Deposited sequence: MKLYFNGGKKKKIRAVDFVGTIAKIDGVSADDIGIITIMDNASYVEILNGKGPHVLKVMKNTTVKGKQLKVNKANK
């Protein structure tokens, strides 16, 4: 599942808060895409919904939402 964060040009950063989420590790972090005013990262192994809910409560406080 692709998860958007309102942070872009204007990867190591998102691997690092996401990798510390309960029940998640680097192996659940897929491709990272960076655009001008937004970025998204593919969350693997069905953990997308979980990562999104946890990130709504986790500071790095970016606005997160499901791409799809």
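Colleague: What are the missing stretches of the deposited sequence, listed from start to end?
Modeller: Residues missing from the model, as numbered along the full deposited sequence, span 11-14, 65-67, 76.
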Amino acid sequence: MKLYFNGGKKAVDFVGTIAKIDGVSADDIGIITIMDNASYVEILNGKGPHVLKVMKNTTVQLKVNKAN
From here on, numbers count along this sequence of modelled residues.
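Colleague: What stretch has the higher average Cα B-factor here, 46-54 or 11-19?
Modeller: Between 46-54 and 11-19, it is 11-19.
Colleague: Please rank the C-alpha B-factors of the chain's modelled residues and tell me whether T33 sits in the lowest, middle or highest third.
Modeller: For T33, whose C-alpha B-factor we compare with every modelled residue in the chain, the answer is the lowest third.
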